[PDB]
Amino acid sequence: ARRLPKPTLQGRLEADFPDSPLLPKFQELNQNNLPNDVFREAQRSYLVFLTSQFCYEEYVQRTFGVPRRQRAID
Amino acid sequence: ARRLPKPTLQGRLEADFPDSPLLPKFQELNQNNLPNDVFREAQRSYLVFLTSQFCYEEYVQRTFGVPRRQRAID
Amino acid sequence: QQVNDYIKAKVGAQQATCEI
Amino acid sequence: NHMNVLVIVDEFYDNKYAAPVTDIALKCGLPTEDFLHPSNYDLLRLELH
């Protein structure tokens, strides 16, 4: 019927950091009259889902990227 | 009947390194009505036999005398 | 019934009898 | 019939249903104070020497 108290989690983190990638993948948030703060929590959950996906992809690339024989000729 | 399963062994060593002296003494193996997978495993086994042979010669040629009498002048 | 057969195996199936 | 140990091992465990323990292990399992008991007469009467 309910959940935990929400943590602190302060600030609009995406707006202070436009330099990072994956923000064009973030802007697809339609609002069918959702209130002004549960939309922010939805955006935060979508952002942490995106940064976990980006971190998992970069870890997959860092694990398939082992020292090869081709790169050691330098 | 069967053997152990084959281990991973990623890559092809003769694809990357043409600079060892073992390359022309490898190329004489050719398939004759043989699928290329077992033929490739034959290449791998011949390559590992040749590098074991070469490091064996490298050992026995540096260990006839690891010291020598002739080096006293220089 | 197989457990019963195991039990009847692992124990027995004047002499001064005694209950417990 | 052939000299290769791995397929000898794999031909013994191929989803084995019944795993009969040897009688020698059944002898050495139990201690002495029930080895003399008449419940273990099936092990006792083949212990002769």
# chains A, B, ... in the order shown; residues from 1 in each chain; ligands from 1

call {"tool": "residues_around", "arguments": {"residues": "segment 59-69 of chain A", "least_positions_apart": "6", "cutoff": "10 Å", "atoms": "only C-alpha atoms", "output": "VMD selection string"}}
result
(chain A and resid 53) or (chain B and resid 10 to 13 15 to 17)

call {"tool": "write_last_selection", "arguments": {"atoms": "C-alpha atoms", "output": "CSV table (one decimal), in the first residue's frame"}}
result
chain,number,residue,atom,x,y,z
A,53,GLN,CA,23.2,1.0,-19.0
B,10,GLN,CA,41.7,-16.9,-28.7
B,11,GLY,CA,43.3,-15.5,-31.9
B,12,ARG,CA,45.6,-16.9,-34.5
B,13,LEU,CA,49.3,-16.4,-33.8
B,15,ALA,CA,47.9,-14.1,-38.3
B,16,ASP,CA,49.6,-11.4,-36.2
B,17,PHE,CA,53.3,-12.3,-35.9

call {"tool": "select_by_dssp", "arguments": {"residues": "chain D", "states": "alpha helix (DSSP H)", "output": "list in words"}}
result
residues 5, 6, 7, 8, 9, 10, 23, 24, 25, 26, 27, 28, 29, 32, 33, 34, 35, 41, 42, 43 and 44 of chain D

call {"tool": "residues_around", "arguments": {"residues": "residue 40 of chain A", "least_positions_apart": "3", "cutoff": "12 Å", "atoms": "only C-alpha atoms", "output": "PDB file with N, CA and C atoms, in the first residue's frame"}}
result
ATOM      1  N   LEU A   9      18.736  13.095  -2.227  1.00  0.00           N
ATOM      2  CA  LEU A   9      18.886  13.093  -3.694  1.00  0.00           C
ATOM      3  C   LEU A   9      18.695  14.477  -4.321  1.00  0.00           C
ATOM      4  N   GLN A  10      19.470  15.440  -3.842  1.00  0.00           N
ATOM      5  CA  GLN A  10      19.210  16.837  -4.142  1.00  0.00           C
ATOM      6  C   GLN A  10      19.732  17.235  -5.514  1.00  0.00           C
ATOM      7  N   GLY A  11      19.041  18.185  -6.118  1.00  0.00           N
ATOM      8  CA  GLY A  11      19.481  18.919  -7.282  1.00  0.00           C
ATOM      9  C   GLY A  11      18.933  18.347  -8.575  1.00  0.00           C
ATOM     10  N   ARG A  12      18.925  19.183  -9.602  1.00  0.00           N
ATOM     11  CA  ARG A  12      18.683  18.767 -10.975  1.00  0.00           C
ATOM     12  C   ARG A  12      20.052  18.467 -11.572  1.00  0.00           C
ATOM     13  N   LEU A  13      20.437  17.190 -11.543  1.00  0.00           N
ATOM     14  CA  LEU A  13      21.805  16.811 -11.876  1.00  0.00           C
ATOM     15  C   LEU A  13      22.077  16.918 -13.368  1.00  0.00           C
ATOM     16  N   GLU A  14      21.062  16.676 -14.194  1.00  0.00           N
ATOM     17  CA  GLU A  14      21.262  16.702 -15.636  1.00  0.00           C
ATOM     18  C   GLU A  14      21.423  18.115 -16.172  1.00  0.00           C
ATOM     19  N   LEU A  29      10.797  12.413 -22.546  1.00  0.00           N
ATOM     20  CA  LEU A  29       9.878  12.256 -21.427  1.00  0.00           C
ATOM     21  C   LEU A  29       8.615  13.054 -21.701  1.00  0.00           C
ATOM     22  N   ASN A  30       7.572  12.354 -22.130  1.00  0.00           N
ATOM     23  CA  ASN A  30       6.266  12.967 -22.297  1.00  0.00           C
ATOM     24  C   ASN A  30       5.580  13.113 -20.946  1.00  0.00           C
ATOM     25  N   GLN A  31       4.782  14.165 -20.802  1.00  0.00           N
ATOM     26  CA  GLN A  31       4.083  14.444 -19.552  1.00  0.00           C
ATOM     27  C   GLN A  31       2.604  14.572 -19.868  1.00  0.00           C
ATOM     28  N   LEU A  34       1.364  14.887 -15.593  1.00  0.00           N
ATOM     29  CA  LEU A  34       1.954  14.395 -14.362  1.00  0.00           C
ATOM     30  C   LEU A  34       2.448  15.588 -13.555  1.00  0.00           C
ATOM     31  N   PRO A  35       2.319  15.567 -12.227  1.00  0.00           N
ATOM     32  CA  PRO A  35       2.728  16.720 -11.413  1.00  0.00           C
ATOM     33  C   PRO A  35       4.225  16.984 -11.482  1.00  0.00           C
ATOM     34  N   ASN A  36       4.607  18.140 -10.940  1.00  0.00           N
ATOM     35  CA  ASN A  36       5.929  18.705 -11.176  1.00  0.00           C
ATOM     36  C   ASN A  36       7.048  18.012 -10.409  1.00  0.00           C
ATOM     37  N   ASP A  37       6.756  17.071  -9.514  1.00  0.00           N
ATOM     38  CA  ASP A  37       7.819  16.391  -8.780  1.00  0.00           C
ATOM     39  C   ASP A  37       7.878  14.889  -8.999  1.00  0.00           C
ATOM     40  N   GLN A  43      12.180  11.150 -14.039  1.00  0.00           N
ATOM     41  CA  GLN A  43      13.369  11.541 -14.789  1.00  0.00           C
ATOM     42  C   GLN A  43      14.641  11.059 -14.108  1.00  0.00           C
ATOM     43  N   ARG A  44      14.675  11.100 -12.778  1.00  0.00           N
ATOM     44  CA  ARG A  44      15.835  10.609 -12.047  1.00  0.00           C
ATOM     45  C   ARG A  44      15.992   9.109 -12.205  1.00  0.00           C
ATOM     46  N   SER A  45      14.880   8.372 -12.147  1.00  0.00           N
ATOM     47  CA  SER A  45      14.956   6.926 -12.302  1.00  0.00           C
ATOM     48  C   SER A  45      15.353   6.557 -13.723  1.00  0.00           C
ATOM     49  N   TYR A  46      14.867   7.317 -14.702  1.00  0.00           N
ATOM     50  CA  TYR A  46      15.282   7.093 -16.076  1.00  0.00           C
ATOM     51  C   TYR A  46      16.748   7.456 -16.269  1.00  0.00           C
ATOM     52  N   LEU A  47      17.235   8.459 -15.539  1.00  0.00           N
ATOM     53  CA  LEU A  47      18.635   8.846 -15.651  1.00  0.00           C
ATOM     54  C   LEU A  47      19.553   7.811 -15.024  1.00  0.00           C
TER      55      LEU A  47
END

call {"tool": "residues_around", "arguments": {"residues": "segment 30-46 of chain D", "least_positions_apart": "6", "cutoff": "7 Å", "atoms": "only C-alpha atoms", "output": "tab-separated table (two decimals) with N, CA and C atoms, in the first residue's frame"}}
result
chain	number	residue	atom	x	y	z
C	10	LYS	N	15.90	-53.03	11.14
C	10	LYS	CA	16.98	-52.57	12.01
C	10	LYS	C	16.75	-52.84	13.48
C	11	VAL	N	15.61	-53.41	13.87
C	11	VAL	CA	15.44	-53.92	15.23
C	11	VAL	C	14.93	-55.35	15.12
C	12	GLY	N	14.62	-55.96	16.25
C	12	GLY	CA	14.06	-57.30	16.25
C	12	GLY	C	12.62	-57.29	15.78

call {"tool": "closest_atom_pairs", "arguments": {"of": "chain B", "to": "chain D", "cutoff": "9 Å", "atoms": "only C-alpha atoms", "output": "CSV"}}
result
residue,atom,partner,partner_atom,distance
B:1,CA,D:7,CA,6.9
B:2,CA,D:7,CA,7.0
B:3,CA,D:6,CA,7.5
B:4,CA,D:6,CA,8.0

call {"tool": "write_last_selection", "arguments": {"atoms": "N, CA, C and O atoms", "output": "mmCIF file, in the first residue's frame"}}
result
data_model
loop_
_atom_site.group_PDB
_atom_site.id
_atom_site.type_symbol
_atom_site.label_atom_id
_atom_site.label_comp_id
_atom_site.auth_asym_id
_atom_site.auth_seq_id
_atom_site.Cartn_x
_atom_site.Cartn_y
_atom_site.Cartn_z
ATOM 1 N N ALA B 1 38.256 -43.043 -27.106
ATOM 2 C CA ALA B 1 37.152 -42.553 -27.919
ATOM 3 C C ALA B 1 37.219 -41.039 -28.089
ATOM 4 O O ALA B 1 37.661 -40.549 -29.127
ATOM 5 N N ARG B 2 36.786 -40.300 -27.068
ATOM 6 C CA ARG B 2 36.783 -38.844 -27.116
ATOM 7 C C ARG B 2 37.959 -38.332 -26.298
ATOM 8 O O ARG B 2 38.677 -39.100 -25.655
ATOM 9 N N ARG B 3 38.157 -37.018 -26.334
ATOM 10 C CA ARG B 3 39.192 -36.392 -25.527
ATOM 11 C C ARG B 3 38.572 -35.404 -24.558
ATOM 12 O O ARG B 3 37.346 -35.357 -24.406
ATOM 13 N N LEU B 4 39.416 -34.624 -23.894
ATOM 14 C CA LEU B 4 38.943 -33.442 -23.204
ATOM 15 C C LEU B 4 38.411 -32.439 -24.220
ATOM 16 O O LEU B 4 38.824 -32.447 -25.382
#

call {"tool": "atom_distance", "arguments": {"atom1": "atom CA of residue 24 of chain A", "atom2": "atom CA of residue 49 of chain A"}}
result
14.4 Å

call {"tool": "decode", "arguments": {"residues": "segment 29-54 of chain B", "atoms": "N, CA, C and O atoms", "output": "PDB file, in the first residue's frame"}}
result
ATOM      1  N   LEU B  29      52.224 -27.337 -44.110  1.00  0.00           N
ATOM      2  CA  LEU B  29      51.053 -28.141 -43.812  1.00  0.00           C
ATOM      3  C   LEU B  29      49.861 -27.642 -44.622  1.00  0.00           C
ATOM      4  O   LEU B  29      49.526 -26.455 -44.600  1.00  0.00           O
ATOM      5  N   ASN B  30      49.234 -28.561 -45.353  1.00  0.00           N
ATOM      6  CA  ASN B  30      48.097 -28.249 -46.204  1.00  0.00           C
ATOM      7  C   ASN B  30      47.069 -29.360 -46.066  1.00  0.00           C
ATOM      8  O   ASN B  30      47.416 -30.523 -45.860  1.00  0.00           O
ATOM      9  N   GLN B  31      45.795 -28.997 -46.179  1.00  0.00           N
ATOM     10  CA  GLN B  31      44.732 -29.975 -46.018  1.00  0.00           C
ATOM     11  C   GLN B  31      44.631 -30.805 -47.288  1.00  0.00           C
ATOM     12  O   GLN B  31      44.964 -30.330 -48.378  1.00  0.00           O
ATOM     13  N   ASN B  32      44.218 -32.062 -47.134  1.00  0.00           N
ATOM     14  CA  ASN B  32      43.911 -32.945 -48.260  1.00  0.00           C
ATOM     15  C   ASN B  32      42.646 -33.707 -47.877  1.00  0.00           C
ATOM     16  O   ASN B  32      42.722 -34.679 -47.117  1.00  0.00           O
ATOM     17  N   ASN B  33      41.506 -33.267 -48.424  1.00  0.00           N
ATOM     18  CA  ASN B  33      40.167 -33.760 -48.069  1.00  0.00           C
ATOM     19  C   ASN B  33      39.934 -33.674 -46.563  1.00  0.00           C
ATOM     20  O   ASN B  33      39.520 -34.637 -45.915  1.00  0.00           O
ATOM     21  N   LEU B  34      40.219 -32.502 -45.998  1.00  0.00           N
ATOM     22  CA  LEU B  34      40.124 -32.291 -44.573  1.00  0.00           C
ATOM     23  C   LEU B  34      39.309 -31.023 -44.355  1.00  0.00           C
ATOM     24  O   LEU B  34      39.551 -30.011 -45.040  1.00  0.00           O
ATOM     25  N   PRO B  35      38.327 -31.044 -43.450  1.00  0.00           N
ATOM     26  CA  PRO B  35      37.657 -29.796 -43.064  1.00  0.00           C
ATOM     27  C   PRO B  35      38.616 -28.843 -42.369  1.00  0.00           C
ATOM     28  O   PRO B  35      39.603 -29.270 -41.767  1.00  0.00           O
ATOM     29  N   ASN B  36      38.326 -27.546 -42.449  1.00  0.00           N
ATOM     30  CA  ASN B  36      39.324 -26.547 -42.089  1.00  0.00           C
ATOM     31  C   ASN B  36      39.453 -26.373 -40.584  1.00  0.00           C
ATOM     32  O   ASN B  36      40.441 -25.805 -40.117  1.00  0.00           O
ATOM     33  N   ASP B  37      38.477 -26.850 -39.816  1.00  0.00           N
ATOM     34  CA  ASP B  37      38.545 -26.748 -38.364  1.00  0.00           C
ATOM     35  C   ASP B  37      39.596 -27.686 -37.776  1.00  0.00           C
ATOM     36  O   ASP B  37      40.474 -27.246 -37.022  1.00  0.00           O
ATOM     37  N   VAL B  38      39.538 -28.973 -38.129  1.00  0.00           N
ATOM     38  CA  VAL B  38      40.527 -29.931 -37.645  1.00  0.00           C
ATOM     39  C   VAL B  38      41.877 -29.674 -38.301  1.00  0.00           C
ATOM     40  O   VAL B  38      42.930 -29.891 -37.694  1.00  0.00           O
ATOM     41  N   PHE B  39      41.862 -29.177 -39.541  1.00  0.00           N
ATOM     42  CA  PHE B  39      43.081 -28.732 -40.201  1.00  0.00           C
ATOM     43  C   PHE B  39      43.701 -27.549 -39.467  1.00  0.00           C
ATOM     44  O   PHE B  39      44.927 -27.477 -39.322  1.00  0.00           O
ATOM     45  N   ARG B  40      42.869 -26.656 -38.938  1.00  0.00           N
ATOM     46  CA  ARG B  40      43.368 -25.522 -38.176  1.00  0.00           C
ATOM     47  C   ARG B  40      43.909 -25.964 -36.828  1.00  0.00           C
ATOM     48  O   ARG B  40      44.891 -25.401 -36.331  1.00  0.00           O
ATOM     49  N   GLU B  41      43.276 -26.966 -36.222  1.00  0.00           N
ATOM     50  CA  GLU B  41      43.805 -27.518 -34.983  1.00  0.00           C
ATOM     51  C   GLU B  41      45.128 -28.225 -35.227  1.00  0.00           C
ATOM     52  O   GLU B  41      46.024 -28.194 -34.374  1.00  0.00           O
ATOM     53  N   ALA B  42      45.277 -28.838 -36.402  1.00  0.00           N
ATOM     54  CA  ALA B  42      46.558 -29.402 -36.790  1.00  0.00           C
ATOM     55  C   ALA B  42      47.621 -28.324 -36.947  1.00  0.00           C
ATOM     56  O   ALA B  42      48.768 -28.529 -36.527  1.00  0.00           O
ATOM     57  N   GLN B  43      47.254 -27.175 -37.533  1.00  0.00           N
ATOM     58  CA  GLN B  43      48.183 -26.044 -37.611  1.00  0.00           C
ATOM     59  C   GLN B  43      48.579 -25.553 -36.232  1.00  0.00           C
ATOM     60  O   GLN B  43      49.750 -25.243 -35.997  1.00  0.00           O
ATOM     61  N   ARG B  44      47.609 -25.463 -35.320  1.00  0.00           N
ATOM     62  CA  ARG B  44      47.883 -25.001 -33.964  1.00  0.00           C
ATOM     63  C   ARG B  44      48.831 -25.948 -33.246  1.00  0.00           C
ATOM     64  O   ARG B  44      49.773 -25.507 -32.573  1.00  0.00           O
ATOM     65  N   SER B  45      48.612 -27.255 -33.402  1.00  0.00           N
ATOM     66  CA  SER B  45      49.477 -28.227 -32.746  1.00  0.00           C
ATOM     67  C   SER B  45      50.868 -28.229 -33.361  1.00  0.00           C
ATOM     68  O   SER B  45      51.866 -28.383 -32.650  1.00  0.00           O
ATOM     69  N   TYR B  46      50.962 -28.033 -34.675  1.00  0.00           N
ATOM     70  CA  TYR B  46      52.278 -27.963 -35.290  1.00  0.00           C
ATOM     71  C   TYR B  46      53.011 -26.699 -34.883  1.00  0.00           C
ATOM     72  O   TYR B  46      54.227 -26.729 -34.673  1.00  0.00           O
ATOM     73  N   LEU B  47      52.281 -25.598 -34.716  1.00  0.00           N
ATOM     74  CA  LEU B  47      52.895 -24.355 -34.273  1.00  0.00           C
ATOM     75  C   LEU B  47      53.404 -24.468 -32.846  1.00  0.00           C
ATOM     76  O   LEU B  47      54.499 -23.979 -32.531  1.00  0.00           O
ATOM     77  N   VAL B  48      52.633 -25.121 -31.973  1.00  0.00           N
ATOM     78  CA  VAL B  48      53.100 -25.223 -30.597  1.00  0.00           C
ATOM     79  C   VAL B  48      54.244 -26.224 -30.504  1.00  0.00           C
ATOM     80  O   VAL B  48      55.170 -26.037 -29.702  1.00  0.00           O
ATOM     81  N   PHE B  49      54.252 -27.246 -31.372  1.00  0.00           N
ATOM     82  CA  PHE B  49      55.394 -28.153 -31.429  1.00  0.00           C
ATOM     83  C   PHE B  49      56.642 -27.428 -31.910  1.00  0.00           C
ATOM     84  O   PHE B  49      57.739 -27.659 -31.390  1.00  0.00           O
ATOM     85  N   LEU B  50      56.487 -26.510 -32.862  1.00  0.00           N
ATOM     86  CA  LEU B  50      57.649 -25.791 -33.375  1.00  0.00           C
ATOM     87  C   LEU B  50      58.179 -24.785 -32.373  1.00  0.00           C
ATOM     88  O   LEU B  50      59.394 -24.596 -32.277  1.00  0.00           O
ATOM     89  N   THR B  51      57.299 -24.113 -31.625  1.00  0.00           N
ATOM     90  CA  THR B  51      57.826 -23.156 -30.658  1.00  0.00           C
ATOM     91  C   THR B  51      58.437 -23.870 -29.462  1.00  0.00           C
ATOM     92  O   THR B  51      59.426 -23.392 -28.901  1.00  0.00           O
ATOM     93  N   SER B  52      57.905 -25.039 -29.088  1.00  0.00           N
ATOM     94  CA  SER B  52      58.572 -25.833 -28.066  1.00  0.00           C
ATOM     95  C   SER B  52      59.930 -26.320 -28.549  1.00  0.00           C
ATOM     96  O   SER B  52      60.904 -26.287 -27.790  1.00  0.00           O
ATOM     97  N   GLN B  53      60.011 -26.735 -29.818  1.00  0.00           N
ATOM     98  CA  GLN B  53      61.276 -27.151 -30.416  1.00  0.00           C
ATOM     99  C   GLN B  53      62.284 -26.010 -30.435  1.00  0.00           C
ATOM    100  O   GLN B  53      63.455 -26.196 -30.079  1.00  0.00           O
ATOM    101  N   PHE B  54      61.825 -24.809 -30.786  1.00  0.00           N
ATOM    102  CA  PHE B  54      62.728 -23.671 -30.888  1.00  0.00           C
ATOM    103  C   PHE B  54      63.203 -23.204 -29.523  1.00  0.00           C
ATOM    104  O   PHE B  54      64.383 -22.882 -29.357  1.00  0.00           O
TER     105      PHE B  54
END
